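Source file: coords-v6.tsv (TSV, N, CA and C atoms)
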```
chain	number	residue	atom	x	y	z
A	101	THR	N	14.28	-22.06	54.60
A	101	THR	CA	14.65	-23.19	53.76
A	101	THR	C	16.01	-22.95	53.12
A	102	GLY	N	16.85	-23.98	53.12
A	102	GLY	CA	18.17	-23.89	52.54
A	102	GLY	C	18.25	-24.14	51.06
A	103	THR	N	17.11	-24.28	50.38
A	103	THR	CA	17.13	-24.58	48.95
A	103	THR	C	17.26	-23.32	48.10
A	104	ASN	N	16.83	-22.18	48.61
A	104	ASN	CA	16.85	-20.96	47.82
A	104	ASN	C	18.25	-20.38	47.75
A	105	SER	N	18.53	-19.68	46.65
A	105	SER	CA	19.83	-19.08	46.44
A	105	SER	C	19.91	-17.72	47.13
A	106	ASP	N	21.14	-17.29	47.40
A	106	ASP	CA	21.35	-16.00	48.06
A	106	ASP	C	20.84	-14.85	47.20
A	107	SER	N	20.94	-14.97	45.88
A	107	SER	CA	20.44	-13.92	44.99
A	107	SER	C	18.95	-13.70	45.20
A	108	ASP	N	18.21	-14.75	45.52
A	108	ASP	CA	16.80	-14.63	45.83
A	108	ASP	C	16.53	-14.41	47.31
A	109	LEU	N	17.45	-14.82	48.18
A	109	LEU	CA	17.30	-14.51	49.60
A	109	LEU	C	17.44	-13.01	49.86
A	110	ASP	N	18.20	-12.32	49.01
A	110	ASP	CA	18.33	-10.87	49.14
A	110	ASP	C	16.99	-10.18	48.99
A	111	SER	N	16.14	-10.67	48.09
A	111	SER	CA	14.83	-10.06	47.90
A	111	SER	C	13.95	-10.24	49.13
A	112	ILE	N	13.99	-11.43	49.73
A	112	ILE	CA	13.28	-11.65	50.98
A	112	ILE	C	13.80	-10.71	52.05
A	113	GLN	N	15.12	-10.48	52.07
A	113	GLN	CA	15.69	-9.56	53.05
A	113	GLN	C	15.20	-8.14	52.82
A	114	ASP	N	15.12	-7.71	51.56
A	114	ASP	CA	14.61	-6.36	51.28
A	114	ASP	C	13.16	-6.23	51.70
A	115	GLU	N	12.36	-7.27	51.48
A	115	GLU	CA	10.97	-7.21	51.91
A	115	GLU	C	10.87	-7.13	53.43
A	116	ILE	N	11.72	-7.88	54.13
A	116	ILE	CA	11.72	-7.83	55.59
A	116	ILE	C	12.11	-6.44	56.07
A	117	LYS	N	13.11	-5.83	55.43
A	117	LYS	CA	13.52	-4.48	55.81
A	117	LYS	C	12.40	-3.48	55.57
A	118	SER	N	11.68	-3.62	54.45
A	118	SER	CA	10.57	-2.72	54.17
A	118	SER	C	9.47	-2.85	55.22
A	119	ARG	N	9.13	-4.08	55.59
A	119	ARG	CA	8.09	-4.26	56.59
A	119	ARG	C	8.53	-3.75	57.96
A	120	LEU	N	9.81	-3.89	58.28
A	120	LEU	CA	10.31	-3.34	59.54
A	120	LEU	C	10.24	-1.81	59.53
A	121	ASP	N	10.58	-1.20	58.40
A	121	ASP	CA	10.43	0.25	58.29
A	121	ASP	C	8.98	0.66	58.45
A	122	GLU	N	8.05	-0.15	57.95
A	122	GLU	CA	6.64	0.15	58.17
A	122	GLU	C	6.25	0.05	59.64
A	123	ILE	N	6.78	-0.95	60.34
A	123	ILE	CA	6.54	-1.03	61.78
A	123	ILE	C	7.04	0.24	62.46
A	124	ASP	N	8.25	0.68	62.12
A	124	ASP	CA	8.80	1.91	62.69
A	124	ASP	C	7.91	3.11	62.39
A	125	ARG	N	7.49	3.24	61.13
A	125	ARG	CA	6.71	4.40	60.71
A	125	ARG	C	5.36	4.44	61.41
A	126	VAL	N	4.66	3.30	61.44
A	126	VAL	CA	3.34	3.28	62.07
A	126	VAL	C	3.46	3.43	63.58
A	127	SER	N	4.62	3.09	64.15
A	127	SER	CA	4.80	3.34	65.57
A	127	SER	C	5.08	4.82	65.84
A	128	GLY	N	5.73	5.50	64.90
A	128	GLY	CA	6.12	6.88	65.12
A	128	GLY	C	5.13	7.94	64.70
A	129	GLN	N	4.28	7.63	63.72
A	129	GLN	CA	3.45	8.66	63.10
A	129	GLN	C	2.03	8.74	63.65
A	130	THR	N	1.43	7.61	64.02
A	130	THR	CA	0.02	7.62	64.41
A	130	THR	C	-0.18	8.36	65.72
A	131	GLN	N	-1.15	9.27	65.73
A	131	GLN	CA	-1.49	10.05	66.92
A	131	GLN	C	-2.97	10.37	66.88
A	132	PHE	N	-3.59	10.43	68.06
A	132	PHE	CA	-5.02	10.67	68.19
A	132	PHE	C	-5.22	12.04	68.82
A	133	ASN	N	-5.70	12.99	68.02
A	133	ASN	CA	-6.05	14.33	68.49
A	133	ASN	C	-4.85	15.02	69.15
A	134	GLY	N	-3.73	15.03	68.44
A	134	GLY	CA	-2.57	15.77	68.85
A	134	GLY	C	-1.68	15.11	69.88
A	135	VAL	N	-2.06	13.94	70.39
A	135	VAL	CA	-1.26	13.22	71.37
A	135	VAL	C	-0.94	11.84	70.82
A	136	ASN	N	0.33	11.45	70.92
A	136	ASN	CA	0.74	10.13	70.46
A	136	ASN	C	0.32	9.06	71.45
A	137	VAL	N	0.32	7.81	70.99
A	137	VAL	CA	-0.08	6.69	71.83
A	137	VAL	C	0.96	5.58	71.88
A	138	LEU	N	1.88	5.50	70.92
A	138	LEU	CA	2.88	4.43	70.89
A	138	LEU	C	4.30	4.96	70.98
A	139	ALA	N	4.49	6.21	71.37
A	139	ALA	CA	5.81	6.81	71.45
A	139	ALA	C	6.28	7.05	72.88
A	140	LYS	N	5.46	6.72	73.88
A	140	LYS	CA	5.82	6.96	75.26
A	140	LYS	C	5.34	5.79	76.12
A	141	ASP	N	5.96	5.66	77.29
A	141	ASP	CA	5.60	4.63	78.25
A	141	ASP	C	4.67	5.15	79.34
A	142	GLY	N	4.15	6.36	79.18
A	142	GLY	CA	3.29	6.93	80.20
A	142	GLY	C	1.95	6.22	80.28
A	143	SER	N	1.24	6.50	81.37
A	143	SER	CA	-0.07	5.92	81.62
A	143	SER	C	-1.12	7.02	81.59
A	144	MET	N	-2.19	6.80	80.83
A	144	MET	CA	-3.30	7.74	80.79
A	144	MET	C	-4.23	7.52	81.98
A	145	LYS	N	-4.99	8.56	82.31
A	145	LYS	CA	-5.94	8.51	83.41
A	145	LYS	C	-7.24	9.17	82.95
A	146	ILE	N	-8.35	8.46	83.13
A	146	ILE	CA	-9.66	8.92	82.67
A	146	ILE	C	-10.54	9.16	83.89
A	147	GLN	N	-10.78	10.42	84.20
A	147	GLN	CA	-11.65	10.77	85.32
A	147	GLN	C	-13.06	10.26	85.05
A	148	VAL	N	-13.50	9.29	85.86
A	148	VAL	CA	-14.78	8.62	85.64
A	148	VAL	C	-15.65	8.59	86.88
A	149	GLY	N	-15.44	9.47	87.85
A	149	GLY	CA	-16.20	9.39	89.07
A	149	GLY	C	-16.69	10.70	89.65
A	150	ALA	N	-16.36	11.81	88.98
A	150	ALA	CA	-16.74	13.15	89.42
A	150	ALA	C	-16.11	13.53	90.76
B	101	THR	N	26.12	-20.51	21.03
B	101	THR	CA	26.74	-21.64	20.35
B	101	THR	C	27.26	-21.22	18.98
B	102	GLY	N	28.46	-21.69	18.66
B	102	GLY	CA	29.18	-21.27	17.47
B	102	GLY	C	28.75	-21.89	16.16
B	103	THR	N	27.71	-22.72	16.15
B	103	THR	CA	27.26	-23.31	14.90
B	103	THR	C	26.61	-22.30	13.98
B	104	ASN	N	26.18	-21.15	14.51
B	104	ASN	CA	25.55	-20.13	13.68
B	104	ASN	C	26.57	-19.47	12.77
B	105	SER	N	26.14	-19.13	11.56
B	105	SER	CA	26.99	-18.43	10.61
B	105	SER	C	26.90	-16.93	10.83
B	106	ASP	N	27.88	-16.21	10.27
B	106	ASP	CA	27.94	-14.76	10.46
B	106	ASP	C	26.70	-14.08	9.91
B	107	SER	N	26.14	-14.59	8.81
B	107	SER	CA	24.91	-14.02	8.27
B	107	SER	C	23.78	-14.11	9.28
B	108	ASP	N	23.69	-15.23	10.00
B	108	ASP	CA	22.67	-15.37	11.03
B	108	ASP	C	22.97	-14.48	12.23
B	109	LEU	N	24.26	-14.28	12.54
B	109	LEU	CA	24.61	-13.35	13.60
B	109	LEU	C	24.19	-11.93	13.26
B	110	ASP	N	24.25	-11.56	11.98
B	110	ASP	CA	23.77	-10.23	11.59
B	110	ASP	C	22.28	-10.08	11.87
B	111	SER	N	21.49	-11.11	11.55
B	111	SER	CA	20.05	-11.03	11.80
B	111	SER	C	19.74	-10.98	13.29
B	112	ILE	N	20.40	-11.83	14.07
B	112	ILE	CA	20.14	-11.82	15.51
B	112	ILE	C	20.63	-10.52	16.13
B	113	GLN	N	21.66	-9.90	15.55
B	113	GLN	CA	22.12	-8.61	16.04
B	113	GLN	C	21.11	-7.52	15.72
B	114	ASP	N	20.53	-7.55	14.52
B	114	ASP	CA	19.45	-6.63	14.19
B	114	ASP	C	18.31	-6.78	15.20
B	115	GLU	N	17.97	-8.03	15.54
B	115	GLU	CA	16.87	-8.25	16.46
B	115	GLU	C	17.18	-7.71	17.86
B	116	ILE	N	18.37	-7.99	18.38
B	116	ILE	CA	18.68	-7.53	19.74
B	116	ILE	C	18.83	-6.01	19.76
B	117	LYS	N	19.30	-5.42	18.66
B	117	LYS	CA	19.37	-3.97	18.58
B	117	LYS	C	17.98	-3.36	18.61
B	118	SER	N	17.03	-3.95	17.87
B	118	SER	CA	15.66	-3.47	17.92
B	118	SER	C	15.08	-3.60	19.33
B	119	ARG	N	15.39	-4.71	20.01
B	119	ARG	CA	14.89	-4.89	21.37
B	119	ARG	C	15.47	-3.84	22.31
B	120	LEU	N	16.77	-3.54	22.17
B	120	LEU	CA	17.39	-2.53	23.03
B	120	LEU	C	16.82	-1.14	22.74
B	121	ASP	N	16.58	-0.83	21.47
B	121	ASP	CA	15.95	0.44	21.14
B	121	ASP	C	14.56	0.54	21.73
B	122	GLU	N	13.81	-0.57	21.72
B	122	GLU	CA	12.49	-0.55	22.33
B	122	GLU	C	12.59	-0.38	23.84
B	123	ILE	N	13.62	-0.95	24.45
B	123	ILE	CA	13.84	-0.77	25.88
B	123	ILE	C	14.08	0.71	26.19
B	124	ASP	N	14.97	1.34	25.42
B	124	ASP	CA	15.22	2.77	25.60
B	124	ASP	C	13.95	3.58	25.39
B	125	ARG	N	13.13	3.18	24.42
B	125	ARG	CA	11.88	3.88	24.14
B	125	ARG	C	10.94	3.83	25.34
B	126	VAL	N	10.63	2.62	25.80
B	126	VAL	CA	9.70	2.48	26.93
B	126	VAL	C	10.30	3.10	28.18
B	127	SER	N	11.63	3.19	28.25
B	127	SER	CA	12.27	3.84	29.39
B	127	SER	C	12.01	5.34	29.38
B	128	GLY	N	12.39	6.01	28.29
B	128	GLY	CA	12.21	7.45	28.23
B	128	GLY	C	10.75	7.88	28.24
B	129	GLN	N	9.87	7.07	27.67
B	129	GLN	CA	8.45	7.38	27.57
B	129	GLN	C	7.72	6.80	28.78
B	130	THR	N	6.39	6.67	28.67
B	130	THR	CA	5.53	6.06	29.69
B	130	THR	C	5.43	6.93	30.94
B	131	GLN	N	5.02	8.18	30.75
B	131	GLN	CA	4.69	9.07	31.85
B	131	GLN	C	3.35	8.68	32.46
B	132	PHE	N	3.07	9.23	33.64
B	132	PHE	CA	1.80	9.03	34.33
B	132	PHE	C	1.25	10.39	34.73
B	133	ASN	N	0.18	10.82	34.07
B	133	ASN	CA	-0.50	12.08	34.37
B	133	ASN	C	0.48	13.25	34.32
B	134	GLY	N	1.29	13.28	33.26
B	134	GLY	CA	2.15	14.41	32.99
B	134	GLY	C	3.55	14.32	33.56
B	135	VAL	N	3.83	13.37	34.46
B	135	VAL	CA	5.14	13.25	35.08
B	135	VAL	C	5.74	11.90	34.70
B	136	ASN	N	7.00	11.92	34.29
B	136	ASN	CA	7.72	10.69	33.96
B	136	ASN	C	8.09	9.95	35.23
B	137	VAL	N	8.30	8.64	35.10
B	137	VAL	CA	8.57	7.79	36.25
B	137	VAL	C	9.90	7.05	36.15
B	138	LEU	N	10.55	7.03	34.98
B	138	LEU	CA	11.78	6.27	34.80
B	138	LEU	C	12.92	7.09	34.22
B	139	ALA	N	12.81	8.42	34.22
B	139	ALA	CA	13.84	9.28	33.66
B	139	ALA	C	14.59	10.08	34.71
B	140	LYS	N	14.21	9.98	35.98
B	140	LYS	CA	14.81	10.80	37.02
B	140	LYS	C	15.05	9.92	38.25
B	141	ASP	N	16.23	10.09	38.84
B	141	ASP	CA	16.73	9.18	39.87
B	141	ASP	C	16.31	9.60	41.27
B	142	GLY	N	15.52	10.66	41.40
B	142	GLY	CA	15.12	11.14	42.71
B	142	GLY	C	14.12	10.22	43.39
B	143	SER	N	13.67	10.66	44.56
B	143	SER	CA	12.74	9.91	45.39
B	143	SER	C	11.43	10.68	45.50
B	144	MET	N	10.34	10.05	45.08
B	144	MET	CA	9.02	10.65	45.22
B	144	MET	C	8.52	10.47	46.65
B	145	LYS	N	7.94	11.53	47.21
B	145	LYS	CA	7.53	11.55	48.61
B	145	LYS	C	6.02	11.73	48.69
B	146	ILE	N	5.37	10.90	49.50
B	146	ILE	CA	3.93	10.93	49.70
B	146	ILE	C	3.65	10.88	51.19
B	147	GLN	N	2.75	11.73	51.66
B	147	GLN	CA	2.42	11.77	53.08
B	147	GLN	C	1.07	11.12	53.33
B	148	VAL	N	0.97	10.48	54.49
B	148	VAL	CA	-0.29	9.93	54.99
B	148	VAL	C	-0.43	10.38	56.45
B	149	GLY	N	-1.13	11.49	56.66
B	149	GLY	CA	-1.31	12.01	58.00
B	149	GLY	C	-1.84	13.43	58.04
B	150	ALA	N	-2.54	13.77	59.12
B	150	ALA	CA	-3.13	15.10	59.24
B	150	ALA	C	-2.08	16.15	59.55
```
Using structure tokens, write down the structure that the file contains.
Amino acid sequence: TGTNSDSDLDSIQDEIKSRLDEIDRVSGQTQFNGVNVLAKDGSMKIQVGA
Amino acid sequence: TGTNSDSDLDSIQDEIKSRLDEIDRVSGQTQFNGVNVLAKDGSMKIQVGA
């Protein structure tokens, strides 16, 4: 919306930056049993047939 | 507005001085569990992860 002032648009920008940093952090930090899941493009393989 | 007399400016100055002193007070004081939160410019660090 074009009605808000830039002084208040800056706060929305800071909130957006904070949420983007959270996206980065949760993408980089979460790992299951010593192996990451969102930091690589590799494919897992689950032996299910003996 | 300039309609106020100097005597009234003295009273309003006393009031704003008291307000500023209270601001300094609440600034220096108001710790949380032994550690102050508004007297030091550093960054507090908290971890979430194993």
Could you please determine the separation between CA of residue 132 in chain A and CA of residue 144 in chain B in Å, to one decimal place?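 A separation of 26.9 Å between them.
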Can you work out which residues from chain A touch chain B at a cut-off of 12 Å (counting only C-alpha atoms) and hand them back as an NGL selection string? :A and (125-126 or 128-134)
Once 6 Å is added on each side, what centre and edge lengths in Å to one decimal does the axis-aligned box around all listed atoms of range 128-138 of chain B have, as JSON?
```
{"center_x": 6.2, "center_y": 10.2, "center_z": 31.9, "size_x": 25.4, "size_y": 20.4, "size_z": 20.7}
```
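Taking CA of residue 119 in chain B and CA of residue 102 in chain B as endpoints, the distance between them is 22.1 Å.
In this model, the gap between atom C of residue 120 in chain B and CA of residue 136 in chain B comes to 18.7 Å.
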Which of chain B DSSP labels alpha helix (DSSP H), written as a PyMOL selection string: chain B and resi 106-128
